[PDB]
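*Asks:* Can you keep this structure in mind? I'll have questions shortly.
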Amino acid sequence: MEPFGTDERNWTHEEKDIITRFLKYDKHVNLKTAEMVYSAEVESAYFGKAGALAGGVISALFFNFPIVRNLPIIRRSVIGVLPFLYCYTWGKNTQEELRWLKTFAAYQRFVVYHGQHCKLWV
Amino acid sequence: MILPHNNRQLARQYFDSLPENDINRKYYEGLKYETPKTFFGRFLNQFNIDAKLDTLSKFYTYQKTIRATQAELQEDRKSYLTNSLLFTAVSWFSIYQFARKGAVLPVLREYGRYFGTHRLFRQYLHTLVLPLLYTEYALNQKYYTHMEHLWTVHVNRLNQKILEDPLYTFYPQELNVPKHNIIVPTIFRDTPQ
Amino acid sequence: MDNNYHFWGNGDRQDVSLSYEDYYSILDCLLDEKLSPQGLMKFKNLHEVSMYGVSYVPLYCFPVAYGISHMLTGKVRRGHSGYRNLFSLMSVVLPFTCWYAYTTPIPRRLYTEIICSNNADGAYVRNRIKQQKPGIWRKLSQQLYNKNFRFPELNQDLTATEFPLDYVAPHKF
Amino acid sequence: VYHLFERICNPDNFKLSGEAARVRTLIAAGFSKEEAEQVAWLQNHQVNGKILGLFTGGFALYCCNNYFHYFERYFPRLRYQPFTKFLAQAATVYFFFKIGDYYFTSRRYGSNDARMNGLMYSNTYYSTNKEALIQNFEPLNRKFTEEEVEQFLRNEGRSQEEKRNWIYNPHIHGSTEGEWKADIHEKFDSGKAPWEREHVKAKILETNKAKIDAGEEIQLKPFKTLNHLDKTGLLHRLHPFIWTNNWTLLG
Amino acid sequence: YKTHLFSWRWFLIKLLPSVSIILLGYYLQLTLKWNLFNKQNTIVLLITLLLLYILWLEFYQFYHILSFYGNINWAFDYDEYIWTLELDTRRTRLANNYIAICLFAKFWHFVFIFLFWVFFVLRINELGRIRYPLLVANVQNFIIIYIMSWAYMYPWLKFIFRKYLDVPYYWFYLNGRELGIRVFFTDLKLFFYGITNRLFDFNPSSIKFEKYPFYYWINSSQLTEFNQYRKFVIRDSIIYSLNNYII
Amino acid sequence: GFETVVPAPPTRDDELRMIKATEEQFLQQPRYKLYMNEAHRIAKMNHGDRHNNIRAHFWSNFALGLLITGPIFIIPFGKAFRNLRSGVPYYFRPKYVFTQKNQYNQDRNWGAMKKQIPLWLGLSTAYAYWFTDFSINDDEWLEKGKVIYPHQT
Amino acid sequence: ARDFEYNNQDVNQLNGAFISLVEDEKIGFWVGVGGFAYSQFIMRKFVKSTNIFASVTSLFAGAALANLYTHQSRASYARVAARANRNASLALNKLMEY
Amino acid sequence: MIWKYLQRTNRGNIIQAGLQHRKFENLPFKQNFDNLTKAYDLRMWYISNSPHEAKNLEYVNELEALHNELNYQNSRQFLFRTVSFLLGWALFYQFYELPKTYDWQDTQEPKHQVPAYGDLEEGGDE
Ligand SMILES: CCCCCCCCCCCCCCCCCC(=O)OC[C@H](COP(=O)([O-])OCC(O)COP(=O)([O-])OC[C@@H](COC(=O)CCCCCCCCCCCCCCCCC)OC(=O)CCCCCCCCCCCCCCCCC)OC(=O)CCCCCCCCCCCCCCCCC
Ligand SMILES: CCCCCCCCCCCCCCCCCC(=O)OC[C@H](COP(=O)([O-])OCC(O)COP(=O)([O-])OC[C@@H](COC(=O)CCCCCCCCCCCCCCCCC)OC(=O)CCCCCCCCCCCCCCCCC)OC(=O)CCCCCCCCCCCCCCCCC
Ligand SMILES: CCCCCCCCCCCCCCCCCC(=O)OC[C@H](COP(=O)([O-])OCC(O)COP(=O)([O-])OC[C@@H](COC(=O)CCCCCCCCCCCCCCCCC)OC(=O)CCCCCCCCCCCCCCCCC)OC(=O)CCCCCCCCCCCCCCCCC
Ligand SMILES: CCCCCCCCCCCCCCCCCC(=O)OC[C@H](COP(=O)([O-])OCC(O)COP(=O)([O-])OC[C@@H](COC(=O)CCCCCCCCCCCCCCCCC)OC(=O)CCCCCCCCCCCCCCCCC)OC(=O)CCCCCCCCCCCCCCCCC
Ligand SMILES: CCCCCCCCCCCCCCCCCC(=O)OC[C@H](COP(=O)([O-])OCC[N+](C)(C)C)OC(=O)CCCCCCCCCCCCCCCCC
Ligand SMILES: CCCCCCCCCCCCCCCCCC(=O)OC[C@H](COP(=O)([O-])OCC[N+](C)(C)C)OC(=O)CCCCCCCCCCCCCCCCC
Ligand SMILES: COC1=C(OC)C(=O)C(C/C=C(/C)CC/C=C(\C)CC/C=C(\C)CC/C=C(\C)CC/C=C(\C)CC/C=C(\C)CC/C=C(/C)CCC=C(C)C)=C(C)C1=O
Ligand SMILES: CCCCCCCCCCCCCCCCCC(=O)OC[C@H](COP(=O)(O)OCCN)OC(=O)CCCCCCCCCCCCCCCCC
């Protein structure tokens, strides 16, 4: 139901938020499609905080690591926080990817359900 | 897309509220607009982009293309302005830190020709002003042609006296007509044939 | 200036230039029922030329990719000895060269005829590309305007009473 | 440099140029394929004498350039004024140029006899075609009327190989079936030209009243060059040469 | 319309780790003449880490493909107001099934060469030096597995060579034209002009609106005519609703 | 488009004239040209004649291309094989067969030959396709497939 | 009122040739002016000749240089225009024949 | 005079080429790849065309060393260029916005995802 091609514009954050809300609370969607979106939210929220928590523990260890500990604070803090940043972004990136991929799959199911694809029919 | 009876003619309403002696009034009367073709004319017109966008926003508020243009231009202003400020802050920080250590970049004359201002002072002045001028120059070129085409369409509509809302206008909920969801299928009857 | 300017598959320097990727994208948003028999014939001829052209593009890019792969390996030409690293590294260099070639638009008499025709078929294709392929049309409209083509579908129309549906890139008035 | 190589090595350069150059230029000018051939022949014949004279004059100079030196005995001006000798040679070339022109361009009236027509003993073919063209050539001094322009557009699909089956639809033609058939037959079937219709002629006179008042005749029929030019001479009832033809004209 | 064309832009990035390994392997082979075992462990370890990375990617895709045939869905029983888990078989185009088997064979081959390499690294560590026979055999294994990685790229071959098959015989007199070689040389001229124009003549800008949501979902109107797919009336309704929500 | 007038069915005399016309066309058919009796026989034969005309022009250009491109491109291109990029004169660099090349300039002459001959043919065919005109047998709209019957001719 | 309509295919092909021809003419003229100036400079500096002879040679050298640059576009337009003129002439003659 | 240009061949097209002296007149003071390959070609050409056995055999020994040296030089060239290509390739895809808006019709099989034939597939029995 959207433009296709390399020259087109990739999905924006606002567009994704509107579509996922549309799938969740719109009447024209079917129950199975709505359940798919709901399952994606619950099953994806874990990674957002799991990655952050894992990063903090690793960063705390890395702050006291053999070399990081003896470095000056300016270098010690910056080097010691890198594992947290890598894990924090990894958790957020995987959460959004998991939620978006299943939400996009629900969007595909909705389009086929209402026959809004110009090259799909029974 | 909006049927004649469902059009609120907000552009006409704004036109009526405008003063007696207005440029838009003259365009409606038949005044024709031609974009400048000389370099001096284009340079002058470069500073009228903001005025044109504002009046078009007032005339055709809720118009898709105009509303999109405002959003993109506002975001670009914020994006360019913050980038310019960050560059100035970083450059100022770099100049001060190296100056403290005794290293000064050999750019610009050491002392001014008239007021004798030192090289460091002018480097700060150039760092503050040059990115701002580039930001203004960069933004204007990006939207100069886009603004002129929007202004040209607006003038053409006034000349034809088309004050109705254009295509791709989406009014708020208050001005949107409710949809009748009560449908009663006709009674079934066996065909005489 | 070859001796076959009549040939439909041929092209001129200033003819409308359309990429292979653009050509295949445009085919997605068109319906055959809405084209006149003459319009269908133009597309069928275009496929006939494109069928051979698409397959040849990697052939044209082969010498360029072959040379680049040699440079990457080093300044030693070892013949049969280096085929493994040459063709293993060339398996990614050649797709890159084809990427550049396919993204490169090329002029063709059929491209200008189909897009710039002043009949119902010409209007139909332009509007379909304008609506369902806004990304392609924006580039196409800029090219058409620069080549002195005037149509209501162009975003650079200065005599239109309706606002453009896409960003208008800078150009000389 | 790729184009420059193309220019130098184009095979057309090596191929001998034909006589179709005049025909193609005339076709581009506007003359029909048949009209272009007739006009091309008339131009070629007019220029052939001049070309033939130039070659004859040059050949005469090449073989007999020593005569000018020999004539110095009686005309020492040639010996003591080379500029005089050059002018004499130029005059000789012009002398052959005019003689060739006279043979191919002068009227040189001759009998219309099959036994010698076309032998170039008399310039009958060129003279008759030239006279007919000049006499009967009158530019169309009108503006094509709306009816004529409409008829020309309607003549896109007409063909004499098979007559068109005209079908009367009251909702798009109007009038009556009999009247419409009669008008259609006059317009297309009969072959009558658009300008020959009575109402078309009346409109032409009304629109060109200013020219008529000034005293200028209005030519209803545009000039048809193919109706006055015939290199074969059949149009002018010129008997074809006996030995190159297997038929006779009554005359 | 089911052409099954996978984007090359997406394919090349996936192909980077495999081509990286073979290049590193060759350098290890070439440099083995004048290098020691201890120094070259950096290359061996890098290859092993890369091979582990590819092994995980092969398994994760392999796990996904095999898990397809178990169709599991949630069914909502309205009478009991309970969601229940149900298992069912799969029906799909057989081309998907055939490639899945080919991808299964690819995984087992990669597991084989991985164990081959794991066997190789362990033995050289015990011996204390690397040898050409085993080292070269592993490098060629990497090349062979790299070739087999293009298994799922067959649709492009059909897309190219299926259009050659449908061409009828010349003398059956269906179109009476053969433009194979003529197109070959003509396209050289066209590409020469296309490249020169691209890098020396006017090039349309790629600027576009990046902020206004759903800007490029253009609903049908007078400007775009009404020759779209018939059932886009709903799409126009949804586009109209979205713009109202934005405004 | 418009439809032409359909003539009434031919009489016996008209049928005989058509039969005689077909007989003449069959006799005129060349003995060495093998075309099957079908509705498209005359159309195919006309297509074959146009193809032969293109075939003639193409090979004349190809022969001319070999004549011209040789001294202009191939022979100067063979000067690049005089020396290697390092400056040393050309010497044999075997791949797998250590051929004996005792004859004077055998290595250089053969090495250059392997590249010149493919280039010579490649340029000539490009010369042929560039300067040869296919307009005679090109039908963009495929309107020349109309069946022509022997009696119509 | 209706009027004769030219072939859209020919019109489009002419448009491409005309656009290229106009661009070449503008560029070719500057090349010719530059070529004349360069030839004049060379003649007056290295060649022993009269000014009139040098000026005439420079003018021909510039004109020849300009022609070489613009020959492709001029030749391309000439053949396309010639084909278009013949097609238009034949079509109009067929319509107006009587 | 056409024969003077077609049938007359340049002296270089027949006679064996000499040594490009300018290639050896001035050389860098670095024992780099360029000098090594120049030395390799000189000995290699001399071996092919020379009848002196004593000088050829010592050239072979020297040439074998040059082959090993050129392998070492190429190995560095292979490493640096290959690493640069891989890093540039990785960086290109890191900062390149990969199009994620391609058509997804291929992944959808409406007639297969929901079996159209329903119970008729199993036996029939009508
Ligand atoms: C639109 C307005 C936007 C404003 C943006 C803000 C920045 C600019 C204005 C800032 C003002 C306040 C700054 C703080 C002041 C503090 C006081 C102080 O001590 O001074 C600080 C410091 C000077 O102190 P100093 O110790 O004496 O240092 C002197 C060193 O020589 C100086 O050396 P330097 O290290 O500074 O280097 C020289 C200077 C470069 O300056 C030059 O010398 C370049 C000159 C180029 C000339 C180009 C041809 C112009 C042709 C005629 C133009 C007519 C006007 C057209 C109007 C069009 C419509 C806009 O800089 C550079 O070379 C690097 C920068 C690259 C060039 C970019 C310049 C952009 C200027 C944009 C604003 C233009 C305003 C024009 C107003 C009207 C003028 C008539 O001030 C500056 O550096 C500001 C300079 C601003 C431009 C001056 C132009 C003078 C030449 C005018 C020629 C025409 C008229 C001549 C009349 C003659 C009498 C009859
Ligand atoms: C470049 C194009 C090429 C095209 C493609 C060609 C391809 C090749 C095909 C070649 C096929 C052969 C063509 C041959 C054509 C020849 C001409 C021709 O057909 O004329 C037919 C000629 C038709 O002439 P006509 O009736 O006066 O009609 C007028 C012409 O139609 C027309 O009259 P007109 O209006 O033009 O002129 C009116 C009047 C206006 O003109 C005059 O009155 C002129 C009067 C003076 C004569 C011409 C100047 C002579 C100058 C002096 C001599 C030469 C000086 C230089 C050398 C020194 C000489 C010593 O002219 C005449 O009176 C014409 C009289 C005919 C003779 C003069 C014709 C010119 C002769 C030039 C000769 C040199 C050229 C080469 C040889 C001939 C060509 C093969 O027919 C006859 O007269 C034959 C009738 C025979 C009846 C039966 C006879 C039975 C036998 C009885 C006598 C038996 C005697 C036994 C003797 C035994 C004693 C022991
Ligand atoms: C920021 C602006 C933007 C720039 C953008 C571009 C660059 C961005 C880079 C981003 C990363 C920056 C991270 C900075 C960390 C600083 C930590 C710290 O406290 O430093 C203070 C200290 C301050 O220095 P300083 O006291 O002022 O100067 C005197 C030095 O302290 C005097 O001490 P030293 O000279 O004895 O140095 C100590 C030596 C101590 O080490 C040694 O004794 C030598 C050990 C053998 C090295 C063999 C090198 C050649 C072979 C490759 C490595 C072999 C292992 C295999 C790993 C790869 C394949 C799996 O370690 C090093 O410094 C270099 C170690 C080797 C390279 C780093 C990789 C570690 C590999 C070896 C560890 C084993 C790994 C097991 C397997 C890992 C599998 C994932 O900084 C350092 O010296 C540390 C330098 C660390 C390297 C950072 C530069 C990275 C970019 C260039 C090199 C790229 C190499 C890539 C190799 C892998 C290829 C696959
Ligand atoms: C290597 C050492 C160096 C020495 C050798 C040279 C280099 C190797 C190649 C040499 C052998 C080439 C093949 C034989 C051709 C000549 C045969 C012949 O003399 O008999 C007359 C025979 C018929 O001639 P004609 O009827 O007078 O045609 C000329 C008229 O102008 C009409 O012209 P037209 O444009 O209308 O085309 C006419 C032709 C047009 O034909 C076509 O339309 C077919 C071509 C379709 C396009 C290609 C599709 C397949 C490739 C797809 C690539 C996909 C890539 C992957 C993409 C995706 C993945 C990346 O159609 C026909 O007339 C019907 C017959 C078609 C037969 C085609 C098959 C020929 C090969 C098999 C028989 C001979 C044995 C060869 C053994 C193997 C050789 C390697 O000649 C032809 O085949 C047509 C002329 C071909 C051009 C001139 C060739 C001159 C010879 C030197 C060429 C140098 C190489 C550069 C050119 C590329 C090759 C053509
Ligand atoms: C003052 C200091 C003096 C120092 C000495 C050096 C001075 C050098 C001066 C260089 C001036 C260059 C002027 C270029 C003018 C181009 C004009 C033009 O448009 O022509 C286009 C034509 C080609 O036209 P075209 O039609 O193919 O295409 C032109 C381009 N388009 C397609 C865009 C229209 O090119 C020429 O033929 C130009 C050269 C003409 C002949 C004179 C050549 C003199 C030099 C010959 C050197 C040969 C060396 C040996 C080579 C051996 C090879 C194996
Ligand atoms: C569920 C996942 C898969 C489960 C299945 C498990 C698969 C396990 C695969 C293990 C592979 C181990 C390969 C070791 C090769 C050792 C070769 C050797 O002896 O060295 C000779 C030598 C060793 O040389 P060197 O370098 O050690 O020393 C030579 C001696 N000097 C140095 C002194 C000169 O190698 C060579 O000659 C080089 C070529 C080797 C070619 C090896 C081919 C192996 C083919 C194996 C086929 C297996 C079929 C399995 C079928 C399915 C089973 C389930
Ligand atoms: C649209 O444009 C066009 C096309 O499409 C692109 C066409 O296809 C075509 C089709 C037609 C064609 C003929 C194809 C044209 C193709 C072209 C021009 C490209 C191909 C060109 C070539 C193959 C020529 C390549 C050859 C060269 C550049 C010559 C190289 C010569 C060299 C290096 C000379 C070296 C020699 C020396 C240094 C001398 C050494 C001497 C010594 C004695 C040794 C030293 C010894 C001592 C002692 C010092 C046309 C016409 C066209 O215009
Ligand atoms: C325009 C105004 C300005 C002033 C010019 C006025 C021109 C007037 C008209 C043309 C005048 C032509 C005569 C010119 C002067 C005399 C030329 C001359 O000498 O011609 C005779 C010459 C004899 O040859 P000769 O060299 O004596 O050899 C003796 C061998 N024992 O033989 C020749 O050399 C041949 C002379 C032929 C003259 C022209 C004949 C017409 C056909 C020409 C065809 C094309 C010739 C091209 C020649 C190219 C030469 C590079």
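By order in the structure tokens, chains are A, B, ...; within a chain, residues start at 1; ligands start at 1, following the order shown.
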Please identify every residue of chain C that has at least one atom no farther than 8 Å from an atom of chain G, counting only C-alpha atoms, and for each give the shortest atom pair and the distance in Å to one decimal, arranged by chain then increasing number, as a Markdown table.

*Replies:*
```
| residue | atom | partner | partner_atom | distance |
| --- | --- | --- | --- | --- |
| C:1 | CA | G:76 | CA | 6.7 |
| C:12 | CA | G:16 | CA | 7.2 |
| C:13 | CA | G:16 | CA | 7.6 |
| C:14 | CA | G:16 | CA | 4.9 |
| C:15 | CA | G:16 | CA | 5.7 |
| C:109 | CA | G:13 | CA | 7.7 |
| C:112 | CA | G:12 | CA | 7.3 |
| C:113 | CA | G:9 | CA | 6.4 |
| C:116 | CA | G:12 | CA | 7.8 |
| C:117 | CA | G:8 | CA | 6.8 |
| C:118 | CA | G:8 | CA | 7.4 |
| C:147 | CA | G:19 | CA | 7.8 |
```

*Asks:* For ligand 3, collect every residue having any atom at a distance of at most 6 Å from a ligand atom (counting only C-alpha atoms and all ligand atoms); output as a list in words.

*Replies:*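 The distance check yields residues 42, 45 and 46 of chain E.
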
*Asks:* Go ahead and save the residues from that selection, with N, CA, C and O atoms, as a PDB file, in the first residue's frame.

*Replies:*
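Below you can see part_32.pdb, which holds the result:
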```pdb
ATOM      1  N   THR E  42      47.823 -15.279  14.638  1.00  0.00           N
ATOM      2  CA  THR E  42      46.889 -14.164  14.532  1.00  0.00           C
ATOM      3  C   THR E  42      45.958 -14.350  13.342  1.00  0.00           C
ATOM      4  O   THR E  42      44.752 -14.099  13.443  1.00  0.00           O
ATOM      5  N   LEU E  45      43.650 -17.483  14.085  1.00  0.00           N
ATOM      6  CA  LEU E  45      42.586 -17.142  15.022  1.00  0.00           C
ATOM      7  C   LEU E  45      41.530 -16.269  14.356  1.00  0.00           C
ATOM      8  O   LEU E  45      40.329 -16.457  14.579  1.00  0.00           O
ATOM      9  N   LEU E  46      41.959 -15.310  13.535  1.00  0.00           N
ATOM     10  CA  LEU E  46      41.001 -14.466  12.829  1.00  0.00           C
ATOM     11  C   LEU E  46      40.119 -15.295  11.907  1.00  0.00           C
ATOM     12  O   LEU E  46      38.904 -15.073  11.832  1.00  0.00           O
TER      13      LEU E  46
END
```

*Asks:* May I have the residues within 6 Å of ligand 4, computed using only C-alpha atoms and all ligand atoms, as a PDB file with N, CA, C and O atoms, in the first residue's frame?

*Replies:*
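And here is the file that came out, out.pdb:
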```pdb
ATOM      1  N   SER C  55      21.049  -8.629 -20.202  1.00  0.00           N
ATOM      2  CA  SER C  55      22.020  -9.712 -20.112  1.00  0.00           C
ATOM      3  C   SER C  55      23.415  -9.258 -20.520  1.00  0.00           C
ATOM      4  O   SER C  55      24.410  -9.790 -20.016  1.00  0.00           O
ATOM      5  N   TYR C  56      23.513  -8.287 -21.430  1.00  0.00           N
ATOM      6  CA  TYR C  56      24.811  -7.808 -21.888  1.00  0.00           C
ATOM      7  C   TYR C  56      25.490  -6.872 -20.897  1.00  0.00           C
ATOM      8  O   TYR C  56      26.716  -6.734 -20.944  1.00  0.00           O
ATOM      9  N   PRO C  58      26.357  -7.039 -17.708  1.00  0.00           N
ATOM     10  CA  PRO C  58      27.529  -7.641 -17.052  1.00  0.00           C
ATOM     11  C   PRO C  58      28.689  -7.878 -18.001  1.00  0.00           C
ATOM     12  O   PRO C  58      29.848  -7.828 -17.572  1.00  0.00           O
TER      13      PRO C  58
ATOM     14  N   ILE E 160      16.947 -14.151 -16.438  1.00  0.00           N
ATOM     15  CA  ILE E 160      17.737 -13.749 -17.597  1.00  0.00           C
ATOM     16  C   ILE E 160      17.576 -14.730 -18.750  1.00  0.00           C
ATOM     17  O   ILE E 160      17.324 -14.328 -19.888  1.00  0.00           O
ATOM     18  N   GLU E 178      15.704 -10.473 -35.502  1.00  0.00           N
ATOM     19  CA  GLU E 178      16.747 -10.969 -34.609  1.00  0.00           C
ATOM     20  C   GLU E 178      17.691  -9.811 -34.320  1.00  0.00           C
ATOM     21  O   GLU E 178      18.430  -9.370 -35.206  1.00  0.00           O
ATOM     22  N   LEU E 179      17.666  -9.320 -33.080  1.00  0.00           N
ATOM     23  CA  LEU E 179      18.401  -8.120 -32.698  1.00  0.00           C
ATOM     24  C   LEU E 179      19.450  -8.406 -31.631  1.00  0.00           C
ATOM     25  O   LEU E 179      19.879  -7.487 -30.928  1.00  0.00           O
ATOM     26  N   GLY E 180      19.873  -9.659 -31.494  1.00  0.00           N
ATOM     27  CA  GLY E 180      20.835 -10.020 -30.474  1.00  0.00           C
ATOM     28  C   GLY E 180      22.130  -9.240 -30.569  1.00  0.00           C
ATOM     29  O   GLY E 180      22.479  -8.493 -29.652  1.00  0.00           O
ATOM     30  N   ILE E 181      22.855  -9.414 -31.674  1.00  0.00           N
ATOM     31  CA  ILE E 181      24.137  -8.735 -31.834  1.00  0.00           C
ATOM     32  C   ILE E 181      23.931  -7.242 -32.058  1.00  0.00           C
ATOM     33  O   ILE E 181      24.711  -6.416 -31.570  1.00  0.00           O
ATOM     34  N   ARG E 182      22.891  -6.869 -32.806  1.00  0.00           N
ATOM     35  CA  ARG E 182      22.638  -5.452 -33.047  1.00  0.00           C
ATOM     36  C   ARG E 182      22.434  -4.702 -31.738  1.00  0.00           C
ATOM     37  O   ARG E 182      22.958  -3.597 -31.558  1.00  0.00           O
TER      38      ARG E 182
ATOM     39  N   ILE F  54      20.472  -7.125 -47.024  1.00  0.00           N
ATOM     40  CA  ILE F  54      21.209  -6.726 -45.828  1.00  0.00           C
ATOM     41  C   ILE F  54      22.458  -7.583 -45.669  1.00  0.00           C
ATOM     42  O   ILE F  54      23.521  -7.090 -45.276  1.00  0.00           O
ATOM     43  N   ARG F  55      22.347  -8.880 -45.967  1.00  0.00           N
ATOM     44  CA  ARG F  55      23.506  -9.760 -45.867  1.00  0.00           C
ATOM     45  C   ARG F  55      24.631  -9.284 -46.774  1.00  0.00           C
ATOM     46  O   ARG F  55      25.801  -9.289 -46.380  1.00  0.00           O
ATOM     47  N   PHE F  58      26.182  -6.038 -45.346  1.00  0.00           N
ATOM     48  CA  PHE F  58      26.903  -6.293 -44.103  1.00  0.00           C
ATOM     49  C   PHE F  58      28.289  -6.863 -44.373  1.00  0.00           C
ATOM     50  O   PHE F  58      29.273  -6.436 -43.757  1.00  0.00           O
ATOM     51  N   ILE F 117      44.437 -10.756 -33.651  1.00  0.00           N
ATOM     52  CA  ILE F 117      43.392 -11.383 -34.460  1.00  0.00           C
ATOM     53  C   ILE F 117      42.018 -11.242 -33.815  1.00  0.00           C
ATOM     54  O   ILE F 117      41.071 -10.845 -34.512  1.00  0.00           O
ATOM     55  N   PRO F 118      41.828 -11.547 -32.527  1.00  0.00           N
ATOM     56  CA  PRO F 118      40.518 -11.262 -31.919  1.00  0.00           C
ATOM     57  C   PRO F 118      40.138  -9.796 -32.003  1.00  0.00           C
ATOM     58  O   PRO F 118      38.964  -9.475 -32.227  1.00  0.00           O
ATOM     59  N   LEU F 121      39.050  -8.964 -35.748  1.00  0.00           N
ATOM     60  CA  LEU F 121      37.679  -9.372 -36.029  1.00  0.00           C
ATOM     61  C   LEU F 121      36.681  -8.559 -35.214  1.00  0.00           C
ATOM     62  O   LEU F 121      35.608  -8.204 -35.713  1.00  0.00           O
ATOM     63  N   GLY F 122      37.012  -8.262 -33.956  1.00  0.00           N
ATOM     64  CA  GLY F 122      36.089  -7.515 -33.117  1.00  0.00           C
ATOM     65  C   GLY F 122      35.824  -6.119 -33.645  1.00  0.00           C
ATOM     66  O   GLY F 122      34.680  -5.659 -33.680  1.00  0.00           O
ATOM     67  N   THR F 125      33.725  -6.310 -37.075  1.00  0.00           N
ATOM     68  CA  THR F 125      32.295  -6.544 -36.903  1.00  0.00           C
ATOM     69  C   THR F 125      31.607  -5.311 -36.334  1.00  0.00           C
ATOM     70  O   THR F 125      30.472  -4.997 -36.709  1.00  0.00           O
TER      71      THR F 125
END
```

*Asks:* If you measure from atom CA of residue C:87 to atom CA of residue E:9, what distance in Å do you get, rounded to one decimal?

*Replies:*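 These atoms are spaced 19.5 Å apart.
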
*Asks:* As a quick test: using only C-alpha atoms and all ligand atoms, which residues lie no more than 6 Å away from ligand 7? Give them as a list in words.

*Replies:*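 Within the 6 Å cut-off, the matching residues are residues 2, 3 and 6 of chain D; 188 and 189 of chain E; 73, 76, 77, 79, 80, 123, 126, 127 and 130 of chain F; 12, 17, 18, 19, 20 and 21 of chain H.
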
*Asks:* Can you tell me, as a list in words, what residues are no more than 10 Å from stretch 35-45 of chain C when counting only C-alpha atoms, ignoring any on the same chain fewer than 4 positions away?

*Replies:*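 Returned residues: residues 8, 9, 27, 30, 31, 49, 50, 51, 110, 111, 113, 114, 117, 119, 120, 121, 122, 124 and 125 of chain C; 140, 141 and 142 of chain F.
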
*Asks:* Enumerate the residues of stretch 77-240 of chain E with a DSSP assignment of alpha helix (DSSP H), computed from the backbone, and present them as a VMD selection string.

*Replies:* chain E and resid 94 to 127 132 to 148 154 to 165 180 to 200 233 to 240

*Asks:* Enumerate residues in contact with ligand 1: an atom-to-atom distance of at most 10 Å, counting only C-alpha atoms and all ligand atoms. Format the result as a ChimeraX atom specification.

*Replies:* /B:40,43-44,107-123,125-130,132-134
